[PDB]
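Just one chain is shown here, as structure tokens, and it is the form deposited in one PDB entry.
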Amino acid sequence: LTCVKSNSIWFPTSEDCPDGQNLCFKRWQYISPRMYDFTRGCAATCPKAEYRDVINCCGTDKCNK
């Protein structure tokens, strides 16, 4: 599986997922009313979304743009 990857170290790019990580995720973490951290990458499992920790996942190549 290949996913879009973007985080504190990576400008948007693509990652070939480590074996056993078969999900691509998009995640938003609340910092303040007008600020959040947006990240993208590979994952093994998808936790439930919450208001301040919003996540969605998918299992097709680069489906997490």
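All residue numbers are counted from 1 along the displayed sequence. Think of the rigid core as the biggest set of C-alphas that the two forms share within 1.5 Å after superposition.
Visitor: Could you check which stretch, 55-63 or 2-10, carries the larger mean CA temperature factor in the entry?
Guide: It is 55-63 that shows the higher mean C-alpha B-factor.
Visitor: Quick check: 37-45 versus 12-20, which has the larger average CA B-factor in the record?
Guide: According to the PDB entry, the answer is 12-20.
There is another form of the same protein, the form deposited in another entry; it is not shown, and what comes next is about it.
Visitor: If we fit on the core, is the Cα of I9 displaced 2 Å or more between this form and the one not shown?
Guide: Shift of 2 Å or more: yes.
Visitor: Between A44 and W10, do the C-alpha atoms lie closer or farther in the other form than in the shown form, with a difference of 3 angstroms or more?
Guide: Farther apart, by at least 3 Å.
Visitor: Quick one: with a 3 Å or larger change, is the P47 to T39 CA distance smaller or larger in the other form? Answer closer or farther.
Guide: Result: closer.
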